[PDB]
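These notes are about the structure you will find just below.
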Amino acid sequence: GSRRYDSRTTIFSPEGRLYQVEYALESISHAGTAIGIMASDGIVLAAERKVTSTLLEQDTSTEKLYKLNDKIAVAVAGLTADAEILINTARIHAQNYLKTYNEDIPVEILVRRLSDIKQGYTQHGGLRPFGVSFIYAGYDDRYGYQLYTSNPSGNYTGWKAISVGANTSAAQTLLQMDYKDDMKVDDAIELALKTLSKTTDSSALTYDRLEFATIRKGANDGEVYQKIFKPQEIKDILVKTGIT
Amino acid sequence: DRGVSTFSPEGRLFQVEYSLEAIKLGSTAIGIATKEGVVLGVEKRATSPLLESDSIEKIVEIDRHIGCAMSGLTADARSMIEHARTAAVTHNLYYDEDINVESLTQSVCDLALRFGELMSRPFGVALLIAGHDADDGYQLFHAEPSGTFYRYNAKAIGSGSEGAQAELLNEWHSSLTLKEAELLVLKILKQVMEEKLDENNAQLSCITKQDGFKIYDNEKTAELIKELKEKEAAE
Amino acid sequence: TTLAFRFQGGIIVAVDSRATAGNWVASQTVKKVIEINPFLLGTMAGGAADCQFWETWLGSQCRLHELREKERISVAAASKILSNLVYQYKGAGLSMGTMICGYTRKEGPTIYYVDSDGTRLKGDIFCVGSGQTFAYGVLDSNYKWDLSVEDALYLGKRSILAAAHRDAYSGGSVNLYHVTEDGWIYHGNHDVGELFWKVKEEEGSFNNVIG
Amino acid sequence: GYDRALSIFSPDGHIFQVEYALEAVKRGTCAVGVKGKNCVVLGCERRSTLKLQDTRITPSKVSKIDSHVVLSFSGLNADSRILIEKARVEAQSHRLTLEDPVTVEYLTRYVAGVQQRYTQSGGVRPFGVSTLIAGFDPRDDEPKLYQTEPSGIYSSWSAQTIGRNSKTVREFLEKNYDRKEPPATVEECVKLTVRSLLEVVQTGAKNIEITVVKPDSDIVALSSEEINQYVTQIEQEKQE
Amino acid sequence: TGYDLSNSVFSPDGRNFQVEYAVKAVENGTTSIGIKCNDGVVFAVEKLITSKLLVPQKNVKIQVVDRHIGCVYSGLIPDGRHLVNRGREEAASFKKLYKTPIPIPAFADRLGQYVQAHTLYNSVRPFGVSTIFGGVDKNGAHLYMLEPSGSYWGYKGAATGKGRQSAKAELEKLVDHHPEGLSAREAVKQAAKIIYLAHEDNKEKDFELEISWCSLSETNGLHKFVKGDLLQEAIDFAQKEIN
Amino acid sequence: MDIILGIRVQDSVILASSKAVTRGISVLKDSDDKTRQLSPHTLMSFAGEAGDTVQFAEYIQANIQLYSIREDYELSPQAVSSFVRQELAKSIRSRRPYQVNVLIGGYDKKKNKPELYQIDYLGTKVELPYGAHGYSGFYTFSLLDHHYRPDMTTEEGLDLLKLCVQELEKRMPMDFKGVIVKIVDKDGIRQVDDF
Amino acid sequence: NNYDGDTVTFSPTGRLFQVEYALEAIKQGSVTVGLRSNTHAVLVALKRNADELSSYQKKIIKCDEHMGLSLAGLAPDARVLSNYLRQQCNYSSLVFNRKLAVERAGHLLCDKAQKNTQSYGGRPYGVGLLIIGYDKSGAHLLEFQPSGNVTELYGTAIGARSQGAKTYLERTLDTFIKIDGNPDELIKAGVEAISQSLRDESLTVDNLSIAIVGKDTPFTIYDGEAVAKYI
Amino acid sequence: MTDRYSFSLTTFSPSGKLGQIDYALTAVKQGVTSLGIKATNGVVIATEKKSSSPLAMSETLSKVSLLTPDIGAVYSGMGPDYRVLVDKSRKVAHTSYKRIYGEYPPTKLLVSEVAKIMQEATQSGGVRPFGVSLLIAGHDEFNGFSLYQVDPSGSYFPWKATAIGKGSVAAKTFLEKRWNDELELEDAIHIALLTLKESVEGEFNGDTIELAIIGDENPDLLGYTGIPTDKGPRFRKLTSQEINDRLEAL
Ligand SMILES: *C(=O)[C@H]1NC[C@@](C)(O)[C@](O)([C@H](CC2CCCCC2)NC(=O)[C@H](CCCC)NC(=O)[C@@H]2CC(F)(F)CN2C(=O)[C@H](C)NC(=O)CN=[N+]=N)O[C@@H]1C
Ligand SMILES: [Mg+2]
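Below, the structure written as structure tokens:
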């Protein structure tokens with residue numbers, strides 16, 4: 001019958017590893033780098049678009065940075081189309097929690113839910129996991145600024161600064177070197193770009209290859225703003241920091 | 001790979017025969033039926049001295065007139081016990097009487113071949136089912152994962168079994184007293200057990216018409232072990 | 002007519018033994034107390050079928066609880082299986098009024114009213130059925146906590162006799178139970194036939210009746 | 001639905017998927033539980049290969065099931081959440097129908113049942129998780145400590161360890177735990193647990209977490225400094 | 002290779018080897034035949050006597066569909082019975098809605114599409130039978146033969162199982178030597194002769210002849226078994242022609 | 001059933017709820033607590049059909065206690081009320097709707113503010129300085145309209161409730177066998193054992 | 003070989019190995035004999051003990067007052083098939099007031115076995131059955147094979163060494179068929195038939211299992227001292 | 001029976017590749033060249049009508065397809081895969097947008113929905129990925145004119161201009177030279193016809209080229225008059241004749 005053709009996507013190796021998870025992780029290591037850096041007064045997200053063209057329409061393009069609600073965004077590393085399936089599911093948890101409790105979802109609850117879905121594809125169903133790792137940048141009134149990551153295995157962890165996709169080893173070492181707890185969003189922005197600048201597989205870091213987003217309390221009074229930076233704005237922040 | 005419900009060229013179910021191997025690896029269990037009652041004994045086989053051995057539950061009550069000892073992948077015995085207990089109480093509800101030991105066993109064995117591509128594989132555990140009923144008196148059954156059950160005057164399952172069965176072959180007669188059967192189970196356990204037999208790594212139980220199914224206190228089993236050592240020293 | 006009340010000396014449970022289909026007296030010798038286990042009584046009022054089926058079913062569910070948990074069920078959890086069961090049938094037209102009476106160690110002597118609209122109430126005194134108001138009248142005006150076992154038994158029996166007399170639907174006989182830390186003890190069938198005349202003579206009561 | 005038998009027998013009576021699940025637990029960070037006379041202490045390794053972490057919001061290794069029962073684990077973290085969520089739900093379901101919190105033995109037996117089911121259900125692999133489940137029965141002052149494993153077997157333990165280098169710390173506890181006299185106090189019990197982890201951990205810094213469960217829903221996670229004092233005293237008593 | 006290990010897989014030839022293997026199970030069976038006559042059809046089959054313990058005339062192989070259709074097969078007997086059970090459902094559902102007993106061409110395509118459906122998926126095994134069936138409808142007599150692939154055609158005469166080549170020769174002669182056509186009573190004799198002649202390829206065990214027929218004149222267009230004298234008269238005519 | 005009152009004062013919320021349980025022409029019990037703690041700073045009172053009341057109360061409790069364990073955090077009164085409302089609004093279009101009206105009295109530890117929510121079996125939610133379900137409101141609303149002030153102390157709150165129970169013991173037909181009174185403040189939930 | 007993985011795969015010579023392997027489990031099973039006259043039908047089954055402490059596995063299941071079978075091979079499969087027969091005998095009784103024909107029981111067994119040979123994921127029944135019945139056309143014996151092949155016979159035997167009894171019954175055919183209105187003589191001839199399939203072991207009181215059905219005899223199973231008579 | 005293929009036929013290889021998507025991209029590479037150029041006031045999508053036989057009427061094979069009045073799609077790779085995608089794409093513009101909001105979906109969201117159907121075919125049990133790459137040109141009131149590419153994986157990207165299939169590498173390099181941000185539609189048609197000439201071997205005329213534009217509203221193609229706010233479809237397939245006129249100024 002059918003059994004002859006079944007890969008068996010949800011089994012353990014003799015070592016106790018999940019094949020498909022480990023191989024999906026391998027997949028994500030070749031995706032553009034995404035950086036999250038958490039400061040005292042906000043979070044920076046920064047990510048590199050993979051070898052673009054001169055004819056790619058950059059101002060109506062979104063491969064890396066997606067809005068989940070008005071308080072939380074993700075940075076994607078892996079299969080974009082796989083990421084869009086999960087983002088749409090997370091967007092609906094956020095709107096279900098807001099309908100049920102009349103309060104914006106706490107960041108760690110949404111992250112646990114998306115991580116639980118992923119975990120499902122690794123224990124039952126017979127389907128391939130999602131070739132996607134997320135950086136969650138979010139704000140809620142319990143824990144303030146929060147940076148998370150989740151990966152095909154559905155495991156998640158909190159971070160002060162973290163990378164996913166390509167050259168994370170190289171990127172983690174540079175962040176581990178220049179991060180400090182009392183850092184501010186402007187300092188974090190500068191750290192984010194310097195990191196990508198050295199870990200980029202490209203010759204030079206230019207605006208047309210970057211996606212950038214800051215979650216600031218840099219919103220007038222006791223409220224939070226999300227800024228998905230425009231091409232021209234990335235180009236201005238690249239000159240300010242002095243990388244072009 | 002190949003079907004879970006597949007026959008070998010000798011006309012046996014692979015998965016059934018492979019489960020029978022798992023059962024051989026499990027700790028020993030011995031039943032002896034007499035005219036004064038049935039006795040069930042088990043080796044606990046604690047993996048470490050830090051494990052509170054009385055938390056090892058390998059002898060289990062199904063109703064007041066039916067006990068059960070297990071050997072093999074003992075976690076698989078849980079859903080089987082649940083079914084047996086539900087069967088016994090359910091029968092009691094529909095008929096206002098005690099369910100026959102054979103009928104209870106046959107209900108457990110009806111689960112055994114409900115595997116395919125129902126549960127994914129056969130059970131990795133054998134059950135000695137001991138009870139009394141007015142119809143067929145004191146009874147001991149062996150319930151394999153094949154769906155087969157044989158009635159026995161005495162039966163050993165688990166690692167010691169072919170050694171123990173040979174010994175039960177000689178020792179058993181139709182006139183054994185309960186007190187005799189108790190020593191006989193302790194004796195044969197001590198033989199086939201790795202660690203030295205005491206009241207913490209071996210449990211006794213019996214089923215009598217008067218008192219129903221009784222797991223023995225460690226103190227009581229310790230008196231019978233001490234009685235065994237003296238009667239084996241005697242000659 | 003069923004009652005159960007707590008007192009100093011545990012719990013008294015008394016039931017009449019009459020079964021009616023409208024104005025037709027179906028029986029005078031029916032049993033209205035199910036002995037679930039040695040420390041658990043259930044009283045029955047309402048549909049004859051609805052009570053017998055779901056109370057002997059409660060007995061099975063209590064048996065499964067002690068096999069699975071190696072421990073006799075709490076009156077709380079016993080009452081709550083019945084109340085959760087009827088609550089699933091709410092609107093379907095089940096008819097039941099029951100008191101689950103028992104002693105466990107954690108709880109002490111305990112009485113739970115459970116009816117077929119899903120009401121579950123803990124309490125020291127309940128009277129259930131068509132005769133309930135008649136029983137309440139005698140019981141409520143003679144009840145102290147400090148009754149002797151012997152007085153308490155009698156006051157229960159006398160409260161059922163009362164309702165057996167006035168209430169057209171109660172009658173037959175009185176069945177008496179005493180619930181202690183040592184379990185339930187049955188205190189006999191008393192045919193209202195003889196009991197009425199014995200009580201009237203001895204007590205000098207029932208003066209409304211041609212002697 | 002995907003019906004495939006993933007947990008099957010092998011010619012030598014082994015279920016390899018269950019055994020490869022145990023291998024995932026060996027790989028997991030270490031976990032230890034030591035029951036004293038009037039407490040149980042759960043102790044959990046934190047691998048220091050991840051620094052720049054946020055320890056405020058990172059999932060803690062010890063999970064409250066109810067106010068009186070906690071669950072620690074070794075193995076796949078993603079798997080452990082499913083078991084904790086299923087236990088926390090059953091814990092509220094038990095309160096709602098029995099008008100009583102679960103016993104530690106009942107909660108253990110439930111979680112072990114769930115692990116067993118995933119070894120003979122089609123379409124599913126076993127849990128890559130072993131658990132220590134500790135706490136006190138409602139209105140009881142006797143400490144409880146149970147261990148579950150992928151196969152679904154469970155058992156009570158005076159003390160026990162699971163995960164990487166659990167062989168070494170089980171060795172330690174086997175010579176340093178006296179059944180006739182268990183750690184009389186909380187101080188003694190937490191000391192024996194930190195000692196047992198210091199056989200395997202590396203640094204006595206943010207690599208050790210300690211949670212103390214006392215009777216009647218009294219559960220408190222120790223802080224870095226409180227643990228770091230136990231680390232300082234154990235090595236100053238050793239320089240001898 | 003590996004193209005023959007799974008049903009509904011095309012080989013590079015463009016063939017379905019699991020179907021071609023089913024045909025082997027067929028070729029392995031006892032000889033069954035069909036002969037279309039003037040106003041009807043005659044079926045006949047070879048029933049090997051494995052042992053003297055077989056009760057003569059009891060293990061009947063030819064099966065009726067509705068009241069007007071004969072079906073006989075060669076190969077795995079149970080596969081054939083499974084196909085007739087479906088056929089009876091198809092003939093019951095067609096009569097229920099349309100009132101008229103199922104026309105034979107229509108019946109044939111009901112079997113055709115069903116068997117053909119068992120070559121579309123790797124989750125089913127093809128049928129291990131070639132089936133010979135037919136009867137009398139509103140448009141006269143029709144004889145059909147149907148193969149494990151789902152292939153079927155109208156036939157003047159049909160043969161399948163171990164003695165098919167022998168039978169096919171004896172049939173080919175009758176078609177050539179009777180252009181105006183055969184009578185049902187004639188076809189019953191010939192049927193007996195062609196089963197005795199085709200028995201040469203199974204000549205180890207002695208056999209039990211079985212004939213059935215549907216004829217507008219001789220049975221009113223209803224399927225009936227050939228029994229008693231008319232059977233003896235056919236077995237006689239058959240025994241005379243081999244000697 | 002029939003008597004559940006709530007009054008939100010300066011720094012607490014006071015729920016008063018009748019002790020009578022009446023089936024037919026008998027008062028079966030005279031000491032019934034028509035309340036469930038949902039969390040340490042949120043109390044829910046309930047009145048409506050027999051069976052439904054407690055099954056709904058206990059169901060909501062079990063969900064809020066589950067949320068509390070999972071998140072090791074206590075939902076705001078606003079969040080609990082919104083959860084409860086949506087449950088009722090879902091029930092109203094069910095095969096057999098929950099026939100239960102609730103008051104939800106909670107102290108919000110974040111805003112340091114007491115809050116009273118009134119929700120009916122249809123899922124009709126409102127935040128009120130004072131509320132009541134069934135016939136009680138016909139007396140107590142006009143009474144409180146006159147005597148209430150926002151800046152009243154818990155002691156004034158309790159005197160104002162005594163006024164409401166007396167008016168109800170004077171002009172209501174049924175004997176509701178007095179009220180059980182509970183204060184929800186910054187220190188949690190406590191029962192006033194003399195009323 | 004490569005074509006024995008599952009039941010849904012023909013070999014290149016048109017064989018179904020899973021079915022042939024299931025057929026194998028029957029040869030390994032203990033011997034059982036069927037034979038009939040015109041008035042009675044008889045099952046004689048050799049029961050097989052696991053050892054001396056064990057019972058002798060019951061081979062004969064009653065299906066109705068007028069029908070019941072003997073088994074060889076997987077006993078849990080003889081339970082499933084007998085249970086299915088019990089229903090069909092029962093459905094015939096309840097709906098048509100009609101004792102189910104022995105011939106039609108065969109057709110229904112055959113067709114149940116077949117569905118397990120043409121479908122993926124299932125497996126053939128691993129047991130052979132001998133059905134005996136008295137019905138509206140007299141005494142009947144049927145042999146069931148889990149291929150789905152059912153055969154009406156005067157007499158037969160299945161299981162280990164069955165070939166001895168099957169030769170003897172092939173010789174005795176003209177004798178035992180004429181044992182009308184004499185049950186004990188037809189059982190003798192059954193016990194003498196099974197004897198031809200014995201080696202080393204002989205027929206003891208707890209070894210032998212006999213059934214009989216007939217003109218005015220309900221299907222009744224004789225075990226223990228009941229059969230001492232015939233040893 | 002029953003589809004017993006409830007498991008993924010696309011899985012991660014040890015290298016972290018998805019073989020079945022890579023192989024799908026290979027089938028798309030073999031496919032005939034199609035391109036898209038975005039002007040200031042329109043978008044052009046074009047492909048070669050590779051006629052299998054000369055007996056075949058290539059008019060009856062629509063490689064360029066209207067999805068909504070203001071959106072068209074063209075492809076490279078497996079024509080059958082494409083056809084059923086156009087069916088699903090047209091229906092999903094209705095069920096998941098127009099029947100809810102009462103207007104046609106914007107280009108990026110319809111693309112999003114086509115993308116989703118293609119992703120599911122890389123992860124759903126018992127199916128292979130779609131063997132096509134789509135170029136989708138569209139106009140909506142809030143995003144203006146747009147051009148997107150959709151791959152077997154489900155990935156989609158916005159382009160100023162691009163090409164897919166056989167002669168893409170060369171065709172992309174040719175567009176990079178000619179494309180500025182000031183192009184008028186007619187200029188983008190003139191470049192689309194040049195770019196397409198490089199990849200075609202045999203005939204090059206209006207009967208072997210399929211070319212559609214997203215431009216101005218066509219009231220003449222609406223079918224009815226009397227509602228001012230309905231001004232007609234922006235999608236327009238150029239006629240054989242219309243293409244040939246522009247080939248004389250080439
Ligand atoms: C004290 O208050 C007693 N009151 C009298 C009482 C008769 O009302 C009753 O509640 C008893 C309690 C039963 C007695 C039998 C043992 C179980 C408890 N109830 C009845 O006797 C019951 C009254 C029904 C009206 C609610 N009787 C019946 O249901 C009778 C009994 C019967 F046998 F006759 C059958 N039947 C019926 O009423 C009819 C035949 N069927 C139905 O009712 C079907 N249900 N529906 N719809 O005792 C108090 C303890
Ligand atoms: Mg309202």
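Protein chains in written order, with the entry's author numbering: chain P, 1 to 244; chain R, 1 to 117, 125 to 242; chain Y, 2 to 212; chain Q, 1 to 240; chain T, 2 to 244; chain X, 1 to 195; chain S, 3 to 233; chain O, 1 to 250.
The beta-carbon is built from N, C-alpha and C at its ideal position, and this holds for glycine as well.
Excluding residues up to 5 positions away in sequence, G122, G123 lie with their Cβ nearer than 8 Å to the Cβ of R4 of chain Q in the same chain.
Buried is the label assigned to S18 of chain Y, since at least 16 other Cβ atoms lie within 10 Å of its Cβ.
For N100 of chain R, no chain Y residue has a C-beta closer than 7 Å to its own C-beta; the minimum C-beta separation is roughly 18 Å.
Using beta-carbon distances, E23 of chain Q counts as an interface residue toward chain P, with a partner under 8 Å. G67 of chain R carries a strand assignment under DSSP once its states are collapsed to helix, strand and coil. Measuring C-alpha to C-alpha distances from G48 of chain X to each of X:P40, X:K109, X:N63, X:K34 identifies X:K34 as the nearest. Within the same chain, and ignoring the five residues on either side of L221 of chain O in sequence, the residues whose Cβ sits closer than 6 Å to its Cβ are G232, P233. Leaving aside the five residues that flank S58 of chain O on each side, the residues in its chain whose CB is nearer than 6 Å to its CB run, in chain order, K49, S51.
Taking one beta carbon from each stretch, the stretch 6 to 21 of chain Y and the stretch 79 to 94 of chain Y have fewer than 3 pairs nearer than 8 Å; the two do not touch.
For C39 of chain Q, there is no enclosing alpha helix (DSSP H), as DSSP marks it with neither H nor E.
When C-beta atoms of the stretch 94 to 108 of chain Q are compared with those of the stretch 196 to 209 of chain P, fewer than three pairs fall below 8 Å, so the two segments do not count as touching.
Going down the chain, each residue whose beta-carbon is closer than 7 Å to a heavy atom of ligand 2 shows up: X:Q118, X:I119, X:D120, X:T124, X:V126. Taking the CA atoms as reference points, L196 of chain Y sits about 38 Å from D98 of chain R. The three-state secondary structure of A21 of chain Q, taken from DSSP, is helix. Pairing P102 of chain T with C112 of chain S gives a Cβ-Cβ distance that is not under 8 Å.
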